[PDB]
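> Experimental coordinates follow, after the sequence.
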Amino acid sequence: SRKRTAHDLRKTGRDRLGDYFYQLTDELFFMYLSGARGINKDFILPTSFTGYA
Amino acid sequence: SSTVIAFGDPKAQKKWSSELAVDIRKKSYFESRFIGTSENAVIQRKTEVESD
Amino acid sequence: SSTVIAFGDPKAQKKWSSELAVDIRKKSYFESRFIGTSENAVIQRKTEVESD
Amino acid sequence: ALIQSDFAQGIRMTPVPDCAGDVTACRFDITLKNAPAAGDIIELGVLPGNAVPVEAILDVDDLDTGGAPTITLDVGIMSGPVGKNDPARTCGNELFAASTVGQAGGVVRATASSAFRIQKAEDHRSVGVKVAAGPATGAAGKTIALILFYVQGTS
Amino acid sequence: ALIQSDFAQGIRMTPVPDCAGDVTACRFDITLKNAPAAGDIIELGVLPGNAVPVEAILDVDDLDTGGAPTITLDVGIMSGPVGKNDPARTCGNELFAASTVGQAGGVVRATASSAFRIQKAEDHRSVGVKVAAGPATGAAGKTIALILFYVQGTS
Amino acid sequence: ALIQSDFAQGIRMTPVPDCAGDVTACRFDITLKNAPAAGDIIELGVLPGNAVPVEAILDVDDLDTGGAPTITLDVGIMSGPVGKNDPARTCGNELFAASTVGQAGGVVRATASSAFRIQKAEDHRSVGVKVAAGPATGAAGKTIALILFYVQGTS
Amino acid sequence: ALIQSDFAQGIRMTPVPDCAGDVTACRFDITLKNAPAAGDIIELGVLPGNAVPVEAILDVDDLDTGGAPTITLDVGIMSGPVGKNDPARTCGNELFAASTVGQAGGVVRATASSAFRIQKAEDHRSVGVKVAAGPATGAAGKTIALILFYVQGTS
């Protein structure tokens, strides 16, 4: 699967993980301060989420 | 007639592009400006458990 | 899971080869040996109308 | 049965118009050395790529000899490759809907409303006659030949 | 009304044969909006300067959906230049007089002897269609199309 | 009418073995908030990569709370990609066929020979639930759940 | 005589776990050339070195059909080497004493208590299906499929 595509998937995977954790941490902050996960559909975490730790 | 290399013929060469467009990551509001130690930061971080 | 580019996915690059396979010409029999201008030839050629 | 006939193959050539709007015609003819059946596809001629029929003339000899003839010929574009011999290819009724020309020898020109609205295509489509009704008692070595005028560079 | 087609405005193109005698054809069509009415003139297309009709083919949809349809299309040459928008422009009954096509789908060809006797003139005359009789009742998006064959080097 | 699970959309993931011949399981579950109706297709989970089911353990609760129960679930491998939300995606009857669990509620394991002879595929295939017979009185808040013992690197 | 599947002869490799107590499965199957008969020993697949079965799923496709079927399968562990063609090797009733599957097409699971009590032996051993009773009529081409779960590090 790394030969059928010219793009190297390892570097893109690392970049996507970095952006993923950026989004996850800021949306974690926004739900905890606000007090509910609500209805936002772009949040990483699914609905019916009641705190992680 | 005339040689036509039609749209669906297998010889119709394509060229894939090296540049890969990427979604821009969502900007994060709570940068280092807010997350700081001491009393006067909106979201303070407790440093007791960092090393111990 | 794990990424699979799979088969037939528009990401799957294909390389077209430049070399041509040619159905070669059938070897001719009545070559320059047989065709001649003299009497002693299986196929005689008459130059009485090549310039007139 | 799909009956290949010269023009559909690479044997005889159909001419490209050149220039725009130049009416171009070739005579696509077949010597049917067999008797048409209830269901046949007779690939008469090749409508060259990127050209539309302007006028279609169907020239056909007597196909049926028995009393009360019922042969109907349907002339239409049959989609697929230029001359690939498969029974999967099926034509329609564009240049002719249901022709009475089969009952006795004669010529009937294109009279369907949709005959002149054929759209372009970048590849060599083919024109095919389907006998859409029973040959009845008759038929022998005969000729069916349409004369369609196609123009390139249409809009 | 002077409902002009794309060809009259110059948006589309009309072909000209390079050599004298080459029968050239372009499909003059309009997808007219609204309804046909008594006395309106539809300027379908323009035959080029040195050109005479060689065969005219008129195909239309059902321009009236009613009881006892009575629409009668008349097509002919118009007077003024191609693009000038003046209601003071009249057609004739040269190519088709009381064509009585439009009650059914149909396809009609030139029948009057005056269709083939048109005289040439150096400038781009415009071929227009005038609905002579009433449109009976009702027609919204049905299209009218006329196909002309013209040669350029006639005598 | 797809009721997509968290597994199909991509929120909750599915494990993949890192060694051939290594049974891996993840209970695919939904919490459908409407009473199932005839023709509904439920996309429980995705069968990742080159894997084949070995044992299927359905875990549906009481879906009919009326009189004589009628619901008959059946599961299979849906055709299209895992994430597309097209209503027109078919469901097979491989792992279960007219399974009668859900009328009373409980656990039923694979009892059809087709459940173990699944063929591999290089893409990701999503396991779907189709309710063959409409419930007499559907139950609203109950959950259905299927468990796959899919193993990679088979022959 | 011994009918060997691909797994015993070594053509098709068998999986071994790379972890302690990691459940591993493989579809031990054979396609039966000619028809089964009483006393036939089918050497389905090889149980790996130190592993012991933890659950065995047997599925067959209607071996004998006919009427009043009398076929009964009997699978177990053979004392002989991995793939030696010695006709003196015997099959014990460890996993399935009398499967009574193959009378009609279906799937049966290990039920006898002796299935999970197999002791480990440092050498490979071959799991063998023995047809205890002759089949009525019988069929040719029907496959015997055994799905075996074993853990490679039990105490």
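Yes, it's here. Numbering: from 1, shown residues only, chains lettered A, B, ... in the order given.

> can you give me the helices for chain A?
Taking DSSP state H, the helices of chain A run over residues A:9-34.

> Quick check: the residue of chain B nearest chain E.
Nearest residue of chain B to chain E: residue B:2, at 18.7 Å (C-beta to the nearest C-beta). Yep, even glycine has a C-beta here, placed from its N, CA and C like the rest.

> what's the distance between that residue and residue D:140?
Using C-beta to C-beta, to the nearest Å, residue B:2 is found at 37 Å from residue D:140.

> which bits of chain D sit near chain E?
Residues of chain D lying close to chain E by C-beta under 8 Å from any C-beta of the partner chain are D:19-23, D:52, D:54-55, D:109-113, D:115-117, D:149, D:151, D:153-155.

> how about 6 Å then?
Residues of chain D lying close to chain E (C-beta under 6 Å from any C-beta of the partner chain) are D:20, D:21, D:22, D:23, D:54, D:111, D:113, D:116, D:151, D:155.

> who's in contact with the first one?
Pointing back at residue D:20 there. D:153, E:15 (C-beta atoms under 6 Å, 6 or more residues apart in numbering or on different chains).

> just to confirm, which helix or strand has it in it?
Residue D:20 belongs to no helix or strand when assigned by DSSP states H and E.

> can you tell me how far it sits from residue D:154?
Per C-beta to C-beta, residue D:20 is found 8 Å from residue D:154.

> element containing the residue of chain B closest to chain E, please.
Counting by DSSP H and E, residue B:2 is found in no helix or strand.

> For it, grab the count of nearby residues.
11 (other C-beta atoms under 10 Å in any protein chain shown).

> quick one, what contacts the nearest residue to it once chain neighbours are set aside?
Leaving out its chain neighbours, the residue that sits closest to residue B:2 by C-beta to C-beta, 6 or more residues apart in numbering or on different chains is residue D:16, at 5.0 Å. For residue D:16, the contact set (C-beta under 6 Å, 6+ apart) comprises B:1, B:2, D:48.

> helix/strand/coil for residue D:16?
Following DSSP: H, G, I helix; E, B strand; the rest coil, the label given to residue D:16 is coil.

> For chain C, see how far away it is.
Distance, residue D:16 to chain C, using C-beta to the nearest C-beta, to the nearest Å: 25 Å.

> Please tell me how far residue A:47 sits from chain F.
Remark: distance between residue A:47 and chain F (C-beta to the nearest C-beta) = 9 Å.

> returning to that earlier point: may I have the phi/psi pair for the residue nearest to residue B:2?
With angles defined as degrees, to the nearest 10, residue D:16 sits at phi -80, psi 150.

> ranges for the strands of chain D?
D:2-3, D:24-32, D:41-46, D:51-60, D:73-78, D:106-109, D:126-131, D:142-152 (DSSP state E).

> Look up the closest residue to residue D:59, ignoring the ones flanking it.
The spatially closest residue to residue D:59, leaving aside those adjacent along the chain, is residue D:145, at 4.7 Å (C-beta to C-beta, 6+ apart).

> Tell me what that neighbour is bridged to.
Beta bridges link residue D:145 to residue D:29, residue D:59 when assigned by DSSP bridges.

> OK, contacts around residue D:142?
Taking C-beta under 6 Å, 6+ apart, we find residue D:142 in contact with D:32, D:61.

> Get me the contact residues on chain A for chain B.
Applying C-beta under 6 Å from any C-beta, one finds that chain A approaches chain B through A:7, A:19, A:22, A:23, A:26, A:29.

> How many neighbouring residues does the residue nearest to residue B:13 when sequence neighbours are not counted have?
Spatial nearest neighbour of residue B:13, excluding adjacent residues (C-beta to C-beta, 6+ apart): residue C:16 at 5.3 Å. By other C-beta under 10 Å, 9 other residues sit near residue C:16.

> element containing residue C:16, please.
Using DSSP H and E, residue C:16 falls within no helix or strand.

> which among the residues of chain D next to chain E gets closest to chain E?
When the residues of chain D next to chain E are ranked by distance to chain E (C-beta to the nearest C-beta), residue D:21 comes first, at 3.1 Å.

> and the gap between whatever residue of chain B ends up closest to chain F and residue A:15?
As assessed by C-beta to the nearest C-beta, chain F sits closest to residue B:23 within chain B, at 14.9 Å. Using C-beta to C-beta, residue B:23 is found at 11 Å from residue A:15.

> Neighbour count: these two, which is higher?
Taking other C-beta under 10 Å, residue B:23 and residue A:15 do not tie; residue A:15 has more neighbours (12 against 7).

> neighbours around the closest residue to chain F within chain D, how many?
Relative to chain F, the nearest point of chain D is residue D:88 (23.2 Å; C-beta to the nearest C-beta). When counting by other C-beta under 10 Å, one arrives at 7 neighbours for residue D:88.

> Checking the closest residue to chain G within chain B next. Helix, strand or coil?
Per C-beta to the nearest C-beta, residue B:49 is where chain B lies closest to chain G, at 34.1 Å. Following three-state DSSP, we place residue B:49 in the helix state.

> show me the contacts for it.
Residue B:49 neighbours (C-beta under 6 Å, 6+ apart): none.

> What residue in chain D is the furthest from its centre?
Ranked by distance from the centre of chain D (C-alpha atoms, centre = their mean), the top residue is residue D:67, with 25.7 Å.
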